[PDB]
Amino acid sequence: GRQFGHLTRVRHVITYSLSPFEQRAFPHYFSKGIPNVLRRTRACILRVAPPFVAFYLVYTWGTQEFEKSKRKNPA
Amino acid sequence: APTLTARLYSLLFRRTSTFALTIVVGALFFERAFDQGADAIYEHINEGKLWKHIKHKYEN
Amino acid sequence: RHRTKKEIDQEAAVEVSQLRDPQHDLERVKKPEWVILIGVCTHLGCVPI
Amino acid sequence: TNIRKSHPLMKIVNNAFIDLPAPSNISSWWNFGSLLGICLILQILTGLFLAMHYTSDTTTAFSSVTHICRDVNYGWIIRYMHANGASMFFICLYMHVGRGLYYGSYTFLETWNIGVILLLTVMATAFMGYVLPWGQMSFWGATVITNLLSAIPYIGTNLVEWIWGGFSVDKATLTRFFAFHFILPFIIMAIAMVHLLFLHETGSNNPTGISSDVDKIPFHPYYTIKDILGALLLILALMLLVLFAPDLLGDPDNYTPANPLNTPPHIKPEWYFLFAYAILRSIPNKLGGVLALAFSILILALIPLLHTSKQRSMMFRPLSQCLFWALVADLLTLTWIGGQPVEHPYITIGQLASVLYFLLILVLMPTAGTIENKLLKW
Amino acid sequence: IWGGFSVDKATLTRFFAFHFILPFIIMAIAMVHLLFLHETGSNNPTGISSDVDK
Amino acid sequence: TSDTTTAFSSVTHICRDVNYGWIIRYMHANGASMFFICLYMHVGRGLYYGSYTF
Amino acid sequence: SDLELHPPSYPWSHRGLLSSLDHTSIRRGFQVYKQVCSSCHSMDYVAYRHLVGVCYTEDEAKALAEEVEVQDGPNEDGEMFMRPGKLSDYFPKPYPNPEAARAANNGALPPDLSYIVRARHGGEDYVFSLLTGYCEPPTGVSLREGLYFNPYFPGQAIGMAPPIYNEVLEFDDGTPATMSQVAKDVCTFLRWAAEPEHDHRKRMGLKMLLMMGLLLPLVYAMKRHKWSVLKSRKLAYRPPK
Amino acid sequence: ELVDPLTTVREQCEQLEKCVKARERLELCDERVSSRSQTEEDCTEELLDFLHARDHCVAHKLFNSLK
Amino acid sequence: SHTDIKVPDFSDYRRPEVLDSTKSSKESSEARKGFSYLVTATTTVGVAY
Ligand code: HEC
Ligand code: HEC
Ligand code: HEC
Ligand code: HEC
Ligand SMILES: C/C=C(C)/C=C/C=C/[C@H](OC)[C@@H](C)[C@@H](OC)[C@@H](C)CCc1oc2c(O)c(OC)cc(OC)c2c(=O)c1C
Ligand SMILES: COC1=C(OC)C(=O)C(C/C=C(\C)CCC=C(C)C)=C(C)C1=O
């Protein structure tokens, strides 16, 4: 039930925009793009990766332990 | 004004009806040219193998 | 289920007290070499192997 | 005065899909809502064209499905689009829930609570669907999941036999499961509209969890085009699966006809049930195991009451970010265990993962939010 | 729409499917029917506007 | 069941074996005719009272 | 006895992503089915007309159908006769019952072969390994020898006698009927039996990949073109005094 | 007379280095079992170990000969 | 004092045929729309198939 012209109050803010036909869709796509993804990765790796390596270690150990347990030796 | 995207726009894209006409005429000739190509690629990557290449062994 | 002598040996000997559902083997059969059971698991209804 | 704006039908379309003020701001994680709609109509459309040739009798049900895959002109794409779309439906559901959990979108109580109903309804629908081709996984799937009701004390047995049609899964079970599986997606579709109706009341949340009224953009052309791209990725992901690996996400055992005398050695759920399966069997108790299963999905309705943080989103909350990912990886752990037999290392680590699932949501994530409040002097 | 040269196996299975869904499609069109109606409210026996006595 | 071999048999299975399958079947049958009596009354009302101007 | 062995990766001509079934090998593999397996194994979901596209001609498959006796529905006196049988006939059943299947094969039921590649983990690799890898028992275990030794079978004791060897019938084109090739061709046929769509889905797949290689960068450019206005926008804040 | 290429390949596979060790420990199992009074201790484990290394090598090679 | 507002430089984002402020955009107008509409025209053709 929310409409433009009724959302909120904003004062003293200028927005400059260009037409889509004046500008490139892929402005500096690799030159600026790659540096950004690396920066985004660095920012989040310590938050995202360590639970999944913790999954990976419990996976690797668990599969190994199950394999070894269904072998005998001195009996 | 020599440039080709310009003449493409001037003759075909400016009007939406002409734009639609150039898409539908475009889609007819694409369906032929793509199915021609994509079959010929699939047939060449499977050199004998299919019943189209076996066909001649069993007679007329 | 036809039961060997080693099979009946284990069932009479093991503890009635330590089961979840307390029964003797002798009150679960009539003649001790024949056990007749409905092959439906009491959990969620699969066939025990 | 616009025809788009004042026509009583187009009004509804315009205020939902065109002029709707949306944040400048919302990422790819917001694509899953439309993708769930695409999934819903894909499953409706293929499901309709499968219903045109399927017979719901025990003698003939397996035969009709294979008649579709061999004799029916292009019956094979329709059947495996349907099969892999159901798995696509689940990938999108899980992404969509996780987005909501991360970004604090659950603070929209009605939208979220309707979402929880939508999860349970699509789970029940897809259980029914898997019963229909009458393979081995179909039969025992039907056996186990219906029997969950038998854990309700005093009346549970009467209830299971009430939905079965008799003392066992039978002729009566399959014909009604076809009927239940036909209607329920349309009921889902109606609940999806109420879900959207409650949402439009607030508009969308965004990555920052900060109100975005200061910077709204029209849904068209920005999110119409971002949604088209997102759908074209969904078509890639789906059409990779049907055309290059149609059976990767299913079970080979469902290609042998149903057999009430033998349950297979290996039996596991469909991949998307494996975490909940792992939770229930970690408990060596009937009532507790099913109570944990119910609680594993119904917990989402407690998450709003347990939000301690003075911020909405997890974007500026690193302790919570870590514990969110521990939750995802623990869920990934539980689907791995679900896939494995009830033997030595797997019993314990699955028990610990079950405990961690409930400890993370109930205790550890609310405490993280308080610590984060205290660290910002809040 | 038959599934072949005559009414057959194929005809009945799809007619069950078509007959199942169509009442729900009807139900949705019944809502749009009501939506257009509420725009004016009801007519009455006289055919005269009744806003004077709702 | 929507197969030609069994479709007649399932309907009569409803009317003989299914607990109260007979009321459900004939409620359905006569409700379809009720649906038509109501339709025709509803159209005729609309025709008479000029409701078609909506 | 609970211990398992899993099949190795055989390089099937149809193992690759955009790769046909060998229809010359489907032919030879049907020949393995008709002569060896159809004595024991049902194939209820394949008919003679299915071969007409695939390996045989219309005339070849009609002559192959005209080899069995099939029961036909009643004459106008009311009795069940027999006929040469057409392309519409599904492949003929040994045993009227599962119980008559169990009775001839010493307790054990031979399952249908219409599904069998899609119905076992490993697919054709397993069926190849179960066929070509028939072997002698190790010391410590003996069989009640209605049942035989196979390592690839779960539990190691299989009811099936080792049904493939050097020169069980000849191949029509002239091909050496070594057990390896008899097993290769039948597994190539049983893949087609499980999945006749196989070659069509891979054809549409290449079309899907090539189309998506056009449409994904194009729709991306369309979306970027519109998002241009926002992505390059500049804000200034200009408060009073 | 009749030459199965699997016979040529299996012999060529068994002479490779992994198989030599796994045939060895199977043979050492072979002598152990006839020896004892009524041993249950199987050579299932050591046979399947050897077949694992053998059939892996068989699969890499066999289809290059077959038509 | 609103006369202090200059529109900031957009050279970083501009199409190459539109970087010269000394030269008319009308000349590159047919070409630039041409390229962008050809993209949507091909997509429609692609989707149509
Ligand atoms: C009589 C001996 C035969 C012949 C000539 C063949 N089969 Fe089959 N088969 C037979 C039996 C008794 C069984 C049941 C085994 C048991 O459960 O104890 C089977 C089963 C199979 C299977 C399934 C094995 C499994 O569970 O994984 C397959 C894949 C199979 N048979 C294939 C097969 C092929 C390819 C044949 C021609 C070479 C063949 N069989 C013939 C009995 C017999
Ligand atoms: C248990 C939670 C939950 C489930 C399951 C769920 N939703 Fe939502 N959905 C939400 C919440 C919360 C939002 C608001 C997200 C926001 O603004 O950040 C939402 C937003 C959406 C949106 C629009 C914005 C967006 O996120 O893309 C659509 C469309 C959507 N839901 C439809 C569906 C459909 C269709 C289903 C499957 C039947 C479904 N949802 C399942 C809770 C969920
Ligand atoms: C118009 C009826 C119809 C609708 C709508 C429907 N389906 Fe189905 N579905 C079927 C039929 C018939 C089958 C049996 C054919 C088959 O097994 O593929 C089936 C099969 C399935 C299967 C088993 C797939 C397999 O073959 O292994 C699943 C899972 C499934 N449906 C889930 C869904 C989901 C999720 C939805 C959307 C909420 C849905 N279906 C919509 C009729 C429907
Ligand atoms: C071909 C004409 C026609 C058909 C058929 C028809 N409607 Fe209507 N309906 C109308 C008109 C016109 C009105 C307005 C009557 C008035 O105000 O006098 C209306 C009014 C109604 C009303 C509310 C007022 C009233 O008359 O009771 C309901 C409810 C209704 N329609 C539902 C239905 C349903 C349900 C169906 C069956 C699916 C249906 N209609 C079939 C034309 C029709
Ligand atoms: C008319 C009555 C109806 C429709 C009742 C519906 C109840 C529906 C449920 O809630 C919506 C349910 C689907 C949901 O539980 C929360 C799932 C996640 C359960 C996951 C599930 O799957 C299994 C499965 O798939 C199997 O087959 C391959 C076999 C199984 O045992 C071995 C299971 C199983 O043990 C469990 C817990
Ligand atoms: C304010 O956020 C919204 C979005 O932005 C992320 C959307 O993308 C969509 C688009 C949803 C579609 C196409 C599914 C429709 C479902 C049915 C059952 C017809 C809606 C409605 C929405 O409200």
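Convention: sequence-line order gives letters A, B, ...; per-chain numbering from 1. Just so you know, these numbers use all the heavy atoms, side chains as well, and skip hydrogens, waters and symmetry mates. Just follow the structure's listing: the first ligand is 1, and inside any ligand the first atom is 1.
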Please check if the side chain of [X] supplies one atom and the backbone of [Y] the other of a donor-acceptor pair under 3.5 Å.
| X | Y | value |
| --- | --- | --- |
| D:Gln136 | D:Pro252 | no |
| D:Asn262 | C:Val47 | no |
| D:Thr107 | D:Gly104 | yes |
| D:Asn254 | D:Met137 | yes |
| D:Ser24 | D:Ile217 | no |
| D:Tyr94 | D:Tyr272 | yes |
| G:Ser42 | G:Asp44 | no |

Can you tell me which residue and heavy atom of the protein come closest to [atom], and the distance to 0.1 Å?
| atom | result |
| --- | --- |
| atom 23 (C) of ligand 1 | G:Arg120 NH2, 4.0 Å |
| atom 6 (C) of ligand 1 | G:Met160 SD, 3.6 Å |
| atom 39 (C) of ligand 2 | D:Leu36 CD1, 3.6 Å |
| atom 2 (C) of ligand 4 | F:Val43 CG2, 4.0 Å |
| atom 18 (O) of ligand 1 | G:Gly159 N, 3.0 Å |
| atom 28 (C) of ligand 2 | D:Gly33 CA, 3.5 Å |
| atom 11 (C) of ligand 2 | D:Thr111 CG2, 3.8 Å |
| atom 3 (C) of ligand 1 | G:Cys40 SG, 3.5 Å |
| atom 17 (O) of ligand 1 | G:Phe153 CZ, 3.7 Å |
| atom 38 (C) of ligand 4 | E:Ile26 CG2, 4.1 Å |
| atom 25 (C) of ligand 4 | F:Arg45 NH1, 3.7 Å |
| atom 5 (C) of ligand 1 | G:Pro163 CB, 3.7 Å |
| atom 29 (C) of ligand 1 | G:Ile116 CD1, 3.8 Å |

Say whether [X], considering both its backbone and side-chain N or O atoms, lies within less than 3.5 Å of an N or O atom on ligand 2.
| X | value |
| --- | --- |
| D:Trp112 | no |
| D:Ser105 | yes |
| D:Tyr106 | no |

| field | Apex atom 8 (Fe) of ligand 4 - arms NE2 from E:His33 and NE2 from F:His42 - angle rounded to 10° | value |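 Seen from atom 8 (Fe) of ligand 4, NE2 and NE2 are separated by roughly 170°.
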| Judging by distance only, is a nitrogen or oxygen of F:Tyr52 under 3.5 angstrom from one on ligand 4? | no
| query | Of all N, O or S atoms in G:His41, which has the smallest distance to atom 8 (Fe) of ligand 1? | reply |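 For G:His41, the N/O/S atom sitting closest to atom 8 (Fe) of ligand 1 is NE2.
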Is it the side chain, the backbone, both or neither of [X] that has a heavy atom closer than 4.0 Å to ligand 4?
| X | result |
| --- | --- |
| F:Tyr49 | neither |
| E:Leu37 | side chain |
| E:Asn44 | neither |

Would you indicate whether [X], at its atom [atom1], is surrounded by more than 12 heavy atoms from other residues, nucleotides or ligands within a distance under 6.0 Å?
| X | atom1 | value |
| --- | --- | --- |
| G:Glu4 | CD | yes |
| E:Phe36 | CZ | yes |
| G:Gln35 | CD | yes |

| field | Min heavy-atom dist D:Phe32 to ligand 2 below 4.0 Å | value | no
| Taking the non-hydrogen atoms of D:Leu40, is any one of them nearer than 4.0 angstrom to ligand 2? |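 No heavy atom of D:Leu40 comes that close to ligand 2.
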Report yes or no: do [X] and [Y] form a side-chain donor-acceptor pair below 3.5 Å?
| X | Y | value |
| --- | --- | --- |
| H:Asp55 | G:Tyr152 | yes |
| G:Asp112 | G:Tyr45 | no |
| G:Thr178 | H:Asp4 | yes |

Looking only at heavy atoms, is any part of [X] under 4.0 Å from ligand 1, and if so is it the side chain, the backbone, or both, or is it neither?
| X | result |
| --- | --- |
| G:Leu109 | backbone |
| G:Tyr33 | neither |
| G:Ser39 | neither |
| G:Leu131 | side chain |

| request: Determine, for D:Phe108 and D:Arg312, whether the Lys NZ or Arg CZ falls below 6.0 Å from the six-membered ring centre while staying within 45 degrees of the axis. | output: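 Yes; both conditions hold, so D:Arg312 lies above the ring face of D:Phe108.
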| field | Stacked cation flag G:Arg191 on G:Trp12, 6.0 angstrom / 45 deg | value |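 The answer is no; the distance or angle limit is not met.
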Is the ring centre of [X] less than 6.0 Å from the ring centre of [Y]?
| X | Y | result |
| --- | --- | --- |
| D:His266 | G:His121 | yes |
| G:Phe30 | G:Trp192 | no |
| E:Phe20 | D:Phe182 | yes |

If you count the atoms of ligand 2 from 1 in the order shown, which ones are under 4.0 Å from a heavy atom of [X]?
| X | result |
| --- | --- |
| D:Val116 | 1 (C) |
| D:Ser204 | 17 (O) |
| D:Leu119 | 5 (C) |

| message | As an exercise, state the distance from CD1 of D:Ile26 to OH of D:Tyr223, rounded to the nearest 0.5 Å. | response | 4.0 Å
With heavy-atom distances below 4.0 Å as the criterion, list the atoms of ligand 1 near [X].
| X | answer |
| --- | --- |
| G:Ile164 | 38 (C) |
| G:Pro111 | 20 (C) |
| G:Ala108 | 12 (C), 18 (O) |
| G:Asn105 | 1 (C) |

| query | In terms of atom number and element, which parts of ligand 4 are under 4.0 angstrom from non-hydrogen atoms of E:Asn43? | reply |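 Those atoms are 16 (C), 17 (O), 18 (O).
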| message | Need the ligand 4 atom indices (1-based, order shown) with element for anything under 4.0 Å from a heavy-atom of E:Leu34. | response |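 So the atoms of ligand 4 that pass are 28 (C), 29 (C).
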| message | On a heavy-atom basis, which atom in D:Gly209 and which in D:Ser313 lie closest, and how many Å separate them? | response |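 It is N-CB, 3.6 Å.
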| Minimum non-hydrogen distance to atom 27 (O) of ligand 1, winning option of G:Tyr126, G:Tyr165, G:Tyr148 |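 Shortest heavy-atom distance from atom 27 (O) of ligand 1: G:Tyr126.
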| Ionic contact status for G:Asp185 with G:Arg27, cut-off 4.0 Å | no
| message | Checking contacts now, so for atom 36 (C) of ligand 4, which I'm interested in, is there any protein heavy atom under 4.0 Å? | response | no
